[PDB]
Amino acid sequence: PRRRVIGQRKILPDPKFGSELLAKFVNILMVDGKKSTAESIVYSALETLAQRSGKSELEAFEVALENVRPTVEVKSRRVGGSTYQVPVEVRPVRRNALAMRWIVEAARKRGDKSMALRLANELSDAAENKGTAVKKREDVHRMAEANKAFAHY
Amino acid sequence: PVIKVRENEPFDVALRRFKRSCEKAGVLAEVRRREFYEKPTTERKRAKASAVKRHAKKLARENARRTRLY
Amino acid sequence: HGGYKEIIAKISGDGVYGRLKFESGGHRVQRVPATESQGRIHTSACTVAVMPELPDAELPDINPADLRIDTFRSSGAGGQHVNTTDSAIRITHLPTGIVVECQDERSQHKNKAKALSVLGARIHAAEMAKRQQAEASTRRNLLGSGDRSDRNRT
Amino acid sequence: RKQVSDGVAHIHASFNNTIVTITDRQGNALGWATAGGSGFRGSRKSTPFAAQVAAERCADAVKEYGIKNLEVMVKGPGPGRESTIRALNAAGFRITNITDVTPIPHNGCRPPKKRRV
RNA sequence: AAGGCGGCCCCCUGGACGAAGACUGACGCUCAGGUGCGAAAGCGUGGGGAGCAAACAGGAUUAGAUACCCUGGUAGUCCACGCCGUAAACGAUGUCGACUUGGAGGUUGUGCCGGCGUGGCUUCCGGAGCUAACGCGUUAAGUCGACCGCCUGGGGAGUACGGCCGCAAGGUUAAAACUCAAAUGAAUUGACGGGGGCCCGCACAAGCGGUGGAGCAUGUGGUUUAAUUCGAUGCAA
RNA sequence: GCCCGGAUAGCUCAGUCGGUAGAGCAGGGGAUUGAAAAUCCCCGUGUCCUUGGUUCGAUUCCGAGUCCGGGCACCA
RNA sequence: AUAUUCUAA
RNA sequence: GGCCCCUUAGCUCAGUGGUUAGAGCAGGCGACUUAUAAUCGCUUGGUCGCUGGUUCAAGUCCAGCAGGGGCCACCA
Ligand SMILES: [Mg+2]
Ligand SMILES: [Mg+2]
Ligand SMILES: [Mg+2]
Ligand SMILES: [Mg+2]
Ligand SMILES: [Mg+2]
Ligand SMILES: [Mg+2]
Ligand SMILES: [Mg+2]
Ligand SMILES: [Mg+2]
Ligand SMILES: [Mg+2]
Ligand SMILES: [Mg+2]
Ligand SMILES: [Mg+2]
Ligand SMILES: [Mg+2]
Ligand SMILES: [Mg+2]
Ligand SMILES: [Mg+2]
Ligand SMILES: [Mg+2]
Ligand SMILES: [Mg+2]
Ligand SMILES: [Mg+2]
Ligand SMILES: [Mg+2]
Ligand SMILES: [Mg+2]
Ligand SMILES: [Mg+2]
Ligand SMILES: [Mg+2]
């Protein structure tokens, strides 16, 4: 907004693993304020990823996030007359948001039967560096390398 | 402008000192002036305009020390 | 912004020109238009012309008994042949008074053929000119000016 | 082929393009790279970055000569004239001296008419 | 003098200004007609031609684009001589003389002892007064005198016709009919600007979920009808 | 009078040489706009000039006409 | 870079 | 009669090399825009005009064909 008074809203840590990061993920996955439904889908998908990794559910999530997290994105800002698309370093909070949001968007457009599986599959494909998630990080990295020339300081 | 780098001198310094040497000689401003022909009439009009602004800045310096705002 | 600058429609039936003949002339309209920003009343007019269907236009046959055909020696080059030969045709159409001369070819038959063709074209063009003038004048009178002052109906 | 050791780096900076040309003291060209030929057209071609990337490619085109020290000559008033030197330095060369040789007339030929944009 | 005049050097040459004197003795001021000078473009003849650039050509842009932008490019721009005689040729302010508080500079002389006077030219502010107002204000648009030029509603028209001038382009002098009830100057309040500055609102941006496609509900337009009762119609039906 | 070319969407035109037709501009419906252009999205559009043949089948290949344009109608 | 127009009470 | 050059993705194009690939405009979706433009990112897709052989893996290396053009040749 025009003022700049945004007191970062107080968010509860999730019950099972006690992680605000994963509590956020649930929120991003959640639909029609049906969190119960969402939490079940996340724990199921993290339990599955626990088996197909041999690691902690949080640690298996961290590994996935890391290969999704973009470092520099494109933002359109005017300098003179022309409207150029300019690379901006992404803030660490927005690094996770995008990541989590990209994964869920990626894991909502697969053929597999249950969302819990679709999520587990994409969170796994992320860990390897294959999934549509970790295909649109590249895209949002390389489009932020073409316009590298517009990074005036 | 011609900067010779001296013994035991870092580069970043010798570059800032080159930048300054060109800005002092007014090279970039000189070439921007020579880019397009300004009609003499236009050259006189902007010389006049500048002097009027330089002079009006003097009269816009008194009404500040003499007059109070709060 | 809609409507028509002009709309010409044939209305076909039994007793049309007996009921629409009186629509001819100026129609004055007084209202707040659709093209008006300030809600002002404006006074516009439209001209309506209702002209009855004139029996098409039968281009008639060129009756040879209504022609005077003159044959004579052609003018200019062509040695002994052009000196001695009645090549040249003047066809005078007695009704209209239109006269066409033709001596473009060396043969009287070609000339006469060409002249009948032209005399046809010129007779048929002259009567289609009358019809246009008659129609133009008839319309001119029905319409009147498009001015708000010249109206049969408000 | 033939070692030269001490050479000159000419930097033709225009509003549109940047042309780096690394020569010897006698002014015989060894290698050159342009911002326009370095994967940059239009807007992106007239930026200090593309003039940086160009400088690099010119350094990476005269290593076979083994230039150790450069005299730099900057020309014209474009974004190329600053960052091209930073690149040459950061590419490993030793900048002996930096000279501006931008041609200034002493009131000579009539420039072209002013653009009405 | 105006138009104008800008590297450096020489040659020829005009004016201005200051200082002290000496000299002439109203020899002055203004000026219809007249004469001369007079930017740029343009014209003639002969040169010249780097750069620039009417015309022109192509490329773009665009609804079109005989433009603006781009690539070229001829006259021209340069020289000699001749012509043209006009410019918002403006200070939109005729020339000459006198008089009428101040302040701050610039520039160029000069007298006296880093100070104190006195001239010339010139920039900016401002007092009285003047002015419709804006402004001008000892360089007057103040206070006066001399002489000249010029104006008399807006269009038509600085045009026609005639004359004079010119190679031409054109210049100069200069009407009438007809037509309108205005045209105009300055300033004031707004509104507006693809003017400037500063702010705000889910206005954008950041997000999330919709509508626009499907079927149905419902209102409307239209069309239909004996009747499809009347009203609401951008946002704000 | 003869000869060559042409006849294809509402207009100007491609196309095909035996099977199954396009373009641009119009046109319609939507969007954008206070509204009209410009612009954007969705659509539709042909007896392929008329006949009489050949052919399983003709816009296409014959042979007639019709309309349009372009020649020519001469040596003397 | 591109933004034309708005009769007449 | 000889030589040759090239005829690869919708439209095109380009070419080493032991292979059917590299694009650039198009065509799809993304970003961008006040909206168009341009911009950028992502993808999309050849019997290398065909056809033989020959090659550890040959459209090429080498034949037999088709295809067009460019210059030269051509005294039943
Ligand atoms: Mg230019
Ligand atoms: Mg006089
Ligand atoms: Mg001149
Ligand atoms: Mg001349
Ligand atoms: Mg000459
Ligand atoms: Mg030009
Ligand atoms: Mg005058
Ligand atoms: Mg002047
Ligand atoms: Mg002046
Ligand atoms: Mg005057
Ligand atoms: Mg005088
Ligand atoms: Mg004053
Ligand atoms: Mg005159
Ligand atoms: Mg006269
Ligand atoms: Mg938004
Ligand atoms: Mg619907
Ligand atoms: Mg109703
Ligand atoms: Mg109503
Ligand atoms: Mg009522
Ligand atoms: Mg009402
Ligand atoms: Mg109009």
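First the proteins, then the strands, lettered A, B, ... as listed; each starts at 1. Note that these values count all heavy atoms, side chains included, but never hydrogens, waters or copies made by symmetry.
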**OP:** Report the nucleotide, chosen from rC52(E), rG51(E), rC40(H), that has the shortest atom-to-atom distance to any side-chain atom of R44(D).
**Re:** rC40(H)
Subject >> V140(A) vs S82(A), nearer the 5' end of RNA chain H by closest nucleotide >> reply: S82(A)
Original post:
Using a cut-off of 4.0 Å on non-hydrogen atoms, how would the nucleic acid contact of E36(C) be classed: base, sugar-phosphate, or nothing?
Top reply: base
Original post:
Would you call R28(C)-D150(C) a salt bridge at under 4.0 Å N-O?
Top reply: no
**OP:** Run the pair test on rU45(E) and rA80(E): Watson-Crick or G-U wobble, both distances under 3.5 Å, answer yes or no.
**Re:** yes
Original post:
Now, which nucleotide makes the Watson-Crick or G-U wobble pair with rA226(E), with each of the two distances under 3.5 Å?
Top reply: none
Subject >> RNA chain G base-pair string [pairs: Watson-Crick or G-U under 3.5 Å; |: paired with another strand] >> reply: ||.|||...
Original post:
Is the shortest side-chain N/O distance from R110(D) to OP1 or OP2 of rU77(E) below 4.0 Å?
Top reply: no
**OP:** Look at all strands and tell whether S44(C) reaches a base, only sugar-phosphate, or nothing, counting heavy atoms closer than 4.0 Å.
**Re:** base
**OP:** Sort out the partner of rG149(E) for me: Watson-Crick or G-U wobble, both distances under 3.5 Å, none otherwise.
**Re:** none
Output a table of nitrogen or oxygen pairs between the protein and nucleotides 31-35 of chain F separated by less than 3.5 Å.
unit_1	atom_1	unit_2	atom_2	d
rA35(F)	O2'	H1(C)	ND1	3.4

Original post:
What nucleotide among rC70(E), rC52(E), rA9(G) has an atom nearest to a side-chain atom of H42(C)?
Top reply: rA9(G)
Original post:
In Å and rounded to the nearest 0.5 Å, what is the CD to CG distance from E66(A) to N129(A)?
Top reply: 9.5 Å
Original post:
Considering only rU7(G), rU43(H), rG51(E), which nucleotide approaches the side chain of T35(C) most closely?
Top reply: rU7(G)
**OP:** Give the B/S/- string for nucleotides 68-76 of chain F, one per nucleotide from 5' to 3', where a protein heavy atom under 4.0 Å of the base yields B, of only the sugar-phosphate yields S, and otherwise -.
**Re:** -----BSSB
Original post:
For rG1(F), what is the paired nucleotide under Watson-Crick or G-U wobble rules, both distances under 3.5 Å?
Top reply: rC72(F)
Original post:
Checking all strands, does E138(A) fall into the base, sugar-phosphate, or nothing category for heavy-atom contacts under 4.0 angstrom?
Top reply: nothing
Would you give me the side-chain donor-acceptor pairs under 3.5 Å for residues 43-69 of chain B, sequence neighbours excluded?
unit_1	atom_1	unit_2	atom_2	d
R46(B)	NE	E38(B)	OE1	2.9
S50(B)	OG	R46(B)	O	3.4
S50(B)	OG	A47(B)	O	2.6
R68(B)	NH2	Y70(B)	O	3.3

Original post:
Which base, if any, makes a Watson-Crick or G-U wobble pair with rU66(E), both distances under 3.5 Å?
Top reply: none
Original post:
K45(D) and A35(D): which non-hydrogen atoms are nearest, and at how many Å?
Top reply: O-CB, 3.6 Å
Show me the protein contacts with nucleotides 63-67 of chain E, counting only N or O atoms at under 3.5 Å.
none

Original post:
Who are the side-chain contact (heavy atoms from CB on, under 4.5 Å) partners of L22(A), not counting sequence neighbours?
Top reply: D14(A), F17(A), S19(A), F25(A), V42(A), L46(A), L58(A), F61(A)
Subject >> Residues, nucleotides or ligands: over 12 heavy atoms within 6.0 Å of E64(D) CD >> reply: no
**OP:** Could you tell me which residues satisfy side-chain contact (heavy atoms from CB on, under 4.5 Å) with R115(D), sequence neighbours excluded, listed by chain and number?
**Re:** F36(B), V117(D)
**OP:** Using a 4.0 Å heavy-atom cut-off, write out nucleotides 54-61 of chain E from 5' to 3' as B (base contacted by protein), S (sugar-phosphate only) or - (no contact).
**Re:** S-------
Subject >> Partner residues of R33(B) under the side-chain hydrogen bond (donor to acceptor under 3.5 Å, both in side chains) criterion, sequence neighbours left out >> reply: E30(B)
Subject >> Separation of atom CG in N107(D) from atom P in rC78(E), rounded to whole Å >> reply: 16 Å
Subject >> Pair assignment for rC144(E), Watson-Crick or G-U wobble, requiring both distances under 3.5 Å >> reply: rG97(E)
Original post:
Reading nucleotides 200-206 of chain E from the 5' end, what letters show protein touch, with B for base, S for backbone sugar-phosphate only, - for no heavy atom under 4.0 Å?
Top reply: BB-B--S
**OP:** Report the pucker family of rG85(E) (north if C1'-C2'-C3'-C4' is positive, south if negative).
**Re:** south
Subject >> Between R137(A) and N67(A), a side-chain donor and acceptor under 3.5 Å >> reply: no
Original post:
Of the nucleotides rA9(G), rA8(G), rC42(H), which one has an atom closest to the side chain of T43(C)?
Top reply: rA9(G)
**OP:** Check whether the six-membered base rings of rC65(H) and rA66(H) have centres under 5.5 Å apart and planes under 30 degrees, and report yes or no.
**Re:** yes
Original post:
More than 12 foreign heavy atoms under 6.0 Å from NZ of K112(C): is that the case here?
Top reply: no
Subject >> Complement of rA26(E), any strand, by Watson-Crick or G-U distances under 3.5 angstrom >> reply: none
Original post:
So, are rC52(E) and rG76(E) a pair, meaning Watson-Crick or G-U wobble with each of the two distances under 3.5 Å?
Top reply: yes
Subject >> Electrostatic pair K34(A):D32(A) at N-O distance under 4.0 angstrom >> reply: no
What pairs of nitrogen or oxygen atoms, one from the protein and one from nucleotides 30-34 of chain H, lie under 3.5 Å apart?
unit_1	atom_1	unit_2	atom_2	d
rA31(H)	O2'	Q85(A)	OE1	3.2
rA31(H)	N3	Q85(A)	NE2	2.9
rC32(H)	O4'	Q85(A)	NE2	2.7
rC32(H)	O3'	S76(A)	OG	3.1

Subject >> Qualifying residues under side-chain contact (heavy atoms from CB on, under 4.5 Å), relative to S82(A), sequence neighbours excluded >> reply: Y84(A)
Original post:
Would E23(C) and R153(C) pass as an ion pair if we require N to O under 4.0 Å?
Top reply: yes
